[PDB]
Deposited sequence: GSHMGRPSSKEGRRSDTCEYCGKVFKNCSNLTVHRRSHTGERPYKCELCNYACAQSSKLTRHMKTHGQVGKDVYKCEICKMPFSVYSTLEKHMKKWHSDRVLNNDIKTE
């Protein structure tokens, strides 16, 4: 059948889209990255985020790998300024 969001009243034809959407109300983020503190509500978002980890540049303080050097540079300023 169909289902409706208990928080905002939005109706969903695909019930799995409600499961993901509801997490935007509850703050639930069950998909956690093993290579950084990233956490998301949608499994395929973690798959996408993983491409940013890995050719590969590695932070020499926290050992975190990065595919794009500029993303590593931003990681330096945020965690090791």
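Residues 1 to 13, 68 to 71, 99 to 109 of the deposited sequence have no C-alpha coordinates in the model.
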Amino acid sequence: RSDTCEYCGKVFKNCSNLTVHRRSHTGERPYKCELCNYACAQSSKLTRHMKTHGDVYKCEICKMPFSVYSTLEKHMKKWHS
From here on, numbers count along this sequence of modelled residues.
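Annotation for 55 to 63 versus 20 to 28: the higher mean temperature factor (C-alpha) is found in 55 to 63.
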